[PDB]
């Protein structure tokens, strides 16, 4: 997955999330056109395949010809009561996308973190199945303690949790941020 956020001079906005699913998709590249093909068929649930340990198949998400598979993606635009864009945000990174998009919103809107901080801030993830809270390597360890004493089993993510690109309206203009976990950087005028 990759996410990008755009705000134009007239105040219009686009939040665009795009995907070939796993890294390098299906691993099928055309020697002629160079197109690298998705393996989005794997986003469907199958009656056969063992999903994880004790995660069953979801019948709403079974393969049917012409059907689209369920996705974690959620490119979002937040607009204020006066009609001006307040936030353009979304994430990449498989099943952590929805949780990371929620966190970036929580961090900026409620905790009052500026956009760069809200993107860079350590994240955590729990999706119910599997039954584990993953936390990022540099999370506040008081938070790890607060979770463990409330009986969460946590584990640390070997790499990182998702990638977030965001733009937020400020009195100074349009503040933008790309996630250093992937190496991006914004541009504007």
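Positions refer to the first chain, counted from 1. Basically, rigid core = biggest C-alpha set you can superpose within 1.5 Å across the two forms.
Which of these two stretches, 48-56 or 62-70, has the larger RMS Cα offset in 8 other deposited structures of this protein when the rigid core is kept aligned? With the rigid core fitted, 48-56 is the stretch that strays more in 8 other deposited structures of this protein.
In the PDB record, does 43-51 or 156-164 carry the higher mean Cα temperature factor? That would be 43-51.
On mean Cα temperature factor in this entry, is 31-39 or 56-64 the higher one? If you average the C-alpha B-factors of 31-39 and of 56-64, the larger mean comes out for 56-64.
Pick out which of 14, 176, 22, 171 has the highest C-alpha B-factor in the PDB entry. Result of the comparison over 14, 176, 22, 171: 171.
Based on the deposited C-alpha B factors for this chain, I'd like to know if residue 95 is in the lowest, middle or highest third. Within its chain, residue 95 is a highest-third residue by C-alpha B-factor, going by the deposited values.
Using only modelled residues of the chain, where does the Cα B factor of residue 125 rank: lowest third, middle third or highest third? Bottom third by C-alpha B-factor.
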